[PDB]
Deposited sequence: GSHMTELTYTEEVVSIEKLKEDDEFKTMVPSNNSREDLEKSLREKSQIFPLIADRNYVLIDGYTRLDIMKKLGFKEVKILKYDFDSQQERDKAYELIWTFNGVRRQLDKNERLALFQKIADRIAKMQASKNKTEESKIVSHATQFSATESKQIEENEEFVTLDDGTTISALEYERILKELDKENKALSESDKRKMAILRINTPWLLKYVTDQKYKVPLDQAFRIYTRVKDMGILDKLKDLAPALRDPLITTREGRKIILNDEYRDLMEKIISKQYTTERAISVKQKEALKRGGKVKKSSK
């Protein structure tokens, strides 16, 4: 992978062009007032991240705040690549500057992590097709035709977080297995509405797959599946064995 280079410069605040995808990459959080006073008191401590053509990659909230605070010019890091052609590079920057961020809870960074890894996967299926064994058996098909195994996806995760500063070894493997084998289940961990813990979601996975009822659970009606999963009360029914009879009933 080519090395990323950039230069530090100051530009008119209106010179920055926004990319609606990058604008919505990072899950909404409660950090606005945080970097609102930072910019209020001591102005710009950190520069924003832009590409060669001044397309904003990272710093959409910060830019919005500064626009409203009268700021006329903003310090940036202009990287020497075209985000519209080398998206993969923009994707990496957004992860680098957000995955470790503390203002983001574990579930919001996981949702970002997946959003990133999914992008990188398509970026590699468009190059390879143009220019543990068990884990390599299962595959998922993204909304573009890009298919991939739990193994490849997991290796992609590691590449994005080698020093495990964002997640742990087992967390990346748990997430990878869920992402490929049971996407509908991962969404519960990713959904802002639920923020179901990963490790808890994975316990449900291994559990329901031992009972041979992975598909019954997946095919359950939302009215029944949501409460059974997004609630601690519901998980007991799935996890604690003294509730087998109830579970079998819920299933059908």
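- Unmodelled regions of the deposited sequence, numbered from residue 1: 1-3, 135-151, 273-300.
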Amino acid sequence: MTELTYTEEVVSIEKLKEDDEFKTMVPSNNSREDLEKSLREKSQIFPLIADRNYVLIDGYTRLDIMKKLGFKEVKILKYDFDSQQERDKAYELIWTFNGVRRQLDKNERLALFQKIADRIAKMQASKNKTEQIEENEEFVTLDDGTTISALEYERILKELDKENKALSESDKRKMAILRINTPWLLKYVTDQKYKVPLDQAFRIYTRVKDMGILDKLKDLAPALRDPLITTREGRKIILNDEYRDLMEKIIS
From here on, numbers count along this sequence of modelled residues.
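- Annotation for 121-129 versus 145-153: the higher mean temperature factor (C-alpha) is found in 121-129.
- Averaged over their C-alpha atoms, the temperature factors of 57-65 and 25-33 are higher for 25-33.
- Of the residues listed, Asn107, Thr96, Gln114, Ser168, the entry assigns the biggest Cα temperature factor to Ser168.
- Highest C-alpha temperature factor among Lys72, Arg87, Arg179, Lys78 per the entry: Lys72.
- Among the modelled residues of its chain, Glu92 has a C-alpha B-factor that falls in the lowest third, as given in the PDB entry.
- In this PDB entry, the Cα temperature factor of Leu48 sits in the bottom third of its chain's modelled residues, the lowest group.
- For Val189, the recorded CA temperature factor ranks within the lowest third of the chain's modelled residues.
- Annotation for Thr7: CA B-factor lies in the middle third of the chain's modelled residues.
- Per-chain ranking of the deposited C-alpha B factor places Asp215 in the lowest third.
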